[PDB]
Amino acid sequence: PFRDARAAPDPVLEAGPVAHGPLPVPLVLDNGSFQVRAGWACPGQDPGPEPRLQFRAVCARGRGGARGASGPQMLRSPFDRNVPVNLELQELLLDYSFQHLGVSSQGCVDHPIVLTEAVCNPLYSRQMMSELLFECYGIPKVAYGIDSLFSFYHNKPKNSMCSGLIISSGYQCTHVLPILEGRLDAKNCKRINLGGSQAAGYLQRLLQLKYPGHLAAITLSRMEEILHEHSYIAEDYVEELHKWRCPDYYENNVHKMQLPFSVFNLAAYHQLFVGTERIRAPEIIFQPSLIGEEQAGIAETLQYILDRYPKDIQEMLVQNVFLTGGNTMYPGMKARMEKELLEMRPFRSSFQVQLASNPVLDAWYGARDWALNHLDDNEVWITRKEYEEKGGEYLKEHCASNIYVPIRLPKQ
Amino acid sequence: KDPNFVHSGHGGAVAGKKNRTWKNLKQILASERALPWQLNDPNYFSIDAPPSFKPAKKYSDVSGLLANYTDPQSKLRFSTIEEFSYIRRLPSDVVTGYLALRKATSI
Amino acid sequence: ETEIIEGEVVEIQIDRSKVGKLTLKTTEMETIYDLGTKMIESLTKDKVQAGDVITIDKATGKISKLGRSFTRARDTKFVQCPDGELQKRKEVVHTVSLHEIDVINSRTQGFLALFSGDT
Amino acid sequence: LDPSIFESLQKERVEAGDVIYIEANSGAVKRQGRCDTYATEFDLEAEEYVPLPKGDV
């Protein structure tokens, strides 16, 4: 059967668990369209003791304005396509995180932060975000970096310059990030405009049209369970679905995902038999024409971005294919990726496919390790006063952050 | 209490006829395309993946098995004789569902 | 193993390379197929028309027609539509004499010497 | 390839996406079918589609 999801934990804190040593201790903030997660950087502690505040990045407020259910409690989200594009909800989303993390005393957030952002971020979105973050929250210095390259930075052997493909896959996008001696090669980097949200929406739509007898009993928040728990990506899809064609293998693998009970009852309380549906939804990021989209998908994009390099520099980045983000939770994801890669590498040539030590939380642990290592750097952070002489589109180009384009934004 | 009490007017629709939030992503991209970009610059839209170079494999609607066939009436695609015996019994409510589920000609 | 299509052709459409679209029916299913160029230059070449029953060797594009279906015997032999699915993975057993392999190997079209006696 | 092997590809009516056997001593060439990744290129085409070889290049 399904479970049901948690709500309303009590992660309340003091003015803040501010660590010893130098005065600043930064917040580590990860923003993505599935979940926000945030914690103090906890310097001098080798394992992060708690990536605090795991909660769904979706919020509600009363029709008289009287209360705001920002935490895990219909609802709305401040992102579009895994970039933040909001003010009036983005503030109450930040407020919830700071209020649970602890606020020191005065009319600003106390101490510096690393805030995770989209691969490329539209200049206006970083401007709107830095404007919120300096006008309302007043942070003394700020770092912007990428969830994917942070999770890579954690999974590195060392504080060393590296080359690789980051195969990222968040809630509403999956991106192939080629990197060259720590620099994200944003000139020829690519993304597929699909992810876990669209695979879960597809898995909902499949079971809606399979079971019109109870369109209300299935729901997106239950599809998120069977998509994480019981779905798997094929070793190769046209062969997996061929072994699903025979009733003996089908009956051995079709899942009794029962609805909660009050004819054999199943007309109202079905076992919701999922068979090829526990494959189809995972395959969306490899074959997005399953949801009708004409995008090249994660296998042909990896070929298309890779073959644009000189042959002698394709090797030392296929030497670190790095799988990361929420969809890489699927069992078999490494085993699929190394086949899709063997089918396109030169005949004898080596490749290496690494999976993030945690498929998703390593974005935050990466931003933590990054902030801990870069805490006392000057040139690496946007310092508060720089926002009076740079327009808020500005970026510092540290490792695990995007290219900066010398530019300005007109506004009134 | 809180990190602020006098939150500034960042540029949502404070009192206009338009919706309260900022410009949506399509409007951010439509305005970002007006900037003095060079040909090599990391534009957020230039990161879009190619259109697929392969023709996309036909997977059946009702069961996900490889589809050799498409129905002249319902335009669903199917793999076996008993799947046709099911597709012709479906209500139009879900036929227009499965076509829209892969964004086919159904509107 | 052999790929055979068989059915009554229900409807057939062609237009200018060339693009076109064919439909077939068994007693138990229907289909619409877009046609590739080397099918267009076969369905048109063999003058296939709606109400014919046809068998297509898919790998070669040969149209073995079987007359017209009984539901279009109004306005050639007549026959009932094929049963089962349209595209069958048939298995064909085949037998060739050891001499008959010896002769196929003898000339540019050695197999005529099976019949003509030139062997 | 030398131009005489290319004449043989052209006599075998080979195009991009065909599965080919080349022998580098004999200069023998055989088309074996279209690679089945293109088997959806038309719904019926008068060709045989073979799966991409499960063997060394």
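One line per chain: the protein sequences are J, I, D and A, in this order. When the letters of the first sequence are read in order and numbered with the deposited numbering, they come out as residues 7 to 79, 93 to 281, 433 to 582. When the letters of the second sequence are read in order and numbered with the deposited numbering, they come out as residues 120 to 226. When the letters of the third sequence are read in order and numbered with the deposited numbering, they come out as residues 134 to 149, 156 to 214, 222 to 265. When the letters of the fourth sequence are read in order and numbered with the deposited numbering, they come out as residues 172 to 228. Where is the CB? At the ideal position from N, CA and C, for every residue including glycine.
- Around the beta carbon of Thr498/J, 16 or more other beta carbons lie within 10 angstroms, which makes this residue buried.
- In this structure, the CA atom of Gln524/J is about 21 Å from the CA atom of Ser571/J.
- Straight-line spacing of the CA atoms in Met148/J and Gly130/I works out to 12 Å.
- Taking 8 Å as the threshold, the shortest C-beta distance from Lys176/I to chain A falls below it.
- Taking every protein chain shown into account, the CB of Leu29/J has fewer than 16 other CB atoms within 10 angstroms, so this residue is exposed.
- Boundaries of the beta strand (DSSP E) around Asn37/J: 33–37.
- Under the Cβ distance rule, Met168/D does not count among the residues neighbouring chain A, no pair being separated by less than 8 Å.
- Between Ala466/J and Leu493/J, the gap from beta carbon to beta carbon reaches 8 Å or more.
- If you draw a straight line from the Cα of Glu139/D to the Cα of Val185/A, it is about 29 Å long.
- If you draw a straight line from the Cα of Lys555/J to the Cα of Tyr256/J, it is about 54 Å long.
- Annotation: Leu225/J to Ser182/J spans about 40 Å, alpha carbon to alpha carbon.
- DSSP places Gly164/J inside the beta strand (DSSP E), whose first and last residues are 160–165.
- In this structure, DSSP gives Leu185/I an extended state, which the three-state scheme calls strand.
- Assigned with DSSP and collapsed to three states, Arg184/A falls in coil, not helix or strand.
- Three or more pairs of CB atoms, one per stretch, sit closer than 8 Å, so the region 170–187 of chain J contacts the region 198–216 of chain J.
- Within the same chain, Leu476 come within 7 Å of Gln484/J by CB-CB distance, once the 5 residues on both sides are set aside.
- In this structure, DSSP gives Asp114/J a helical state, which the three-state scheme calls helix.
- Contact between the region 211–219 of chain I and the region 226–236 of chain J is present: three or more C-beta pairs spanning the two stretches fall below 8 Å.
- Residue pairing by DSSP places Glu139/D opposite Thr194/D in a beta bridge.
- Residue nearest to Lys234/D within the set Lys197/D, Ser252/D, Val143/D is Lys197/D (criterion: CA-CA distance).
- In the displayed model, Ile147/I falls within a helix according to three-state DSSP.
- In the DSSP assignment, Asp148/D forms a beta bridge with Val158/D.
- For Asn490/J, same chain residues with a beta-carbon under 6 Å away, outside a window of 5 residues either side, are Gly183 in chain order.
- DSSP, read as helix, strand or coil, puts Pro15/J in coil.
- Inclusion of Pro97/J and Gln109/J in the CB contact set at 8 Å is warranted, their separation being smaller than that value.
- For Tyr209/A, the chain I residues whose C-beta falls within less than 9 Å of its own C-beta are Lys173, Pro174, listed in chain order.
- Between the C-alpha atoms of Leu246/J and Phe40/J there is a straight-line separation of about 14 Å.
- The bridge partners DSSP lists for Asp189/A are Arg205/A.
- Just so you know, the alpha carbons of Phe280/J and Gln441/J end up roughly 10 Å apart.
- Sequence-ordered contacts of the region 134–154 of chain J with chain I read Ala137, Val138, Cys139, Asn140, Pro141, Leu142, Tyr143, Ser144, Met147, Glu150, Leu151, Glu154 [C-beta pairs closer than 9 Å].
- For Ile468/J, the number of other beta carbons within 10 angstroms of its own is at least 16, and it is reported as buried.
- Close CB contacts of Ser216/J within its chain, under the 6 Å cut and outside five residues either way in sequence, are with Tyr190, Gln191 (chain order).
- Contact residues of the region 184–205 of chain I toward chain J are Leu184, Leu185, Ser198 (C-beta to C-beta distance below 8 Å).
- When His26/J, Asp166/J, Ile158/J, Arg100/J are compared, the shortest CA-CA separation from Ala533/J is found for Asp166/J.
- The continuous stretches of beta strand (DSSP E) do not include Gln473/J, which lies in the alpha helix (DSSP H) extending over residues 467–476.
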